[PDB]
């Protein structure tokens, strides 16, 4: 009922994940920006990292690499790195042209895209769903809002519930 702003975004992501009855691993908010293209004159919507909330629940070379990257990130900013943690981390550098990829298709068409089960992810033909599935996710969800797209992921197979959709409706802006 009250139009939310960026200053409560982290709180609303936390509220979504901590209050949900199902075991969601994380939530991401993909925010809108625009990329003006000089060659066509088009102002295209681009979805990029807004914020996220990771709740949670690999070979040596991979672990050393991941731990190394965390160390380097710790440095700039100021033991095991799990697959879902890594997926969440890597997500921060992703962006999506409107209509393209899981968040882009959701936003273009103002859609709820609910992919539940490994086969739904790998059969979606959607690169981000495929990536989630490789990192152990079994449910991925994108819900378009007035300001972008809310994404949920889980390592469990989760069916769409009324209660989850009610919470999302109360925690983001809709037209």
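C-alpha atoms forming the largest set that superposes within 1.5 Å between two forms make up the rigid core. Residue numbers count along the first chain shown, from 1.
Checklist entry - When the other structures are laid on this one by the rigid core, do the CA atoms of 128-136 or of 61-69 sit farther away in 7 other deposited structures of this protein? => result After the core superposition, the stretch with higher RMS deviation in 7 other deposited structures of this protein is 61-69.
Item to check | Comparing 30-38 and 43-51 where Cα RMS over structures and residues is taken in 7 other deposited structures of this protein (core fit), larger one | outcome: Between the two stretches, 30-38 moves farther in 7 other deposited structures of this protein.
Next on the checklist: According to the entry, how many residues of the deposited sequence fall between residue 78 and residue 79 and are not modelled? Options: none, 1 to 3, 4 to 9, 10 or more.
Outcome noted: Unmodelled stretch: 10 or more residues.
Next on the checklist: Residues without coordinates, deposited sequence, stretch from residue 57 to residue 58: is the count none, 1 to 3, 4 to 9, or 10 or more?
Outcome noted: Per the deposited record, the segment joining residue 57 and residue 58 lacks coordinates for 4 to 9 residues.
Item to check | Mean C-alpha B-factor comparison - 16-24 and 150-158, higher one | outcome: The entry gives the higher C-alpha B-factor average to 16-24.
Checklist entry - Which wins on mean Cα temperature factor, 116-124 or 34-42? => result Mean CA B-factor is higher for 34-42.
Checklist entry - Per the entry, which of 139, 131, 63, 145 tops the list for Cα B factor? => result Top of the list by C-alpha B-factor: 63.
Item to check | Ranked against its chain, the third holding the CA B-factor of residue 83 | outcome: Middle third by C-alpha B-factor.
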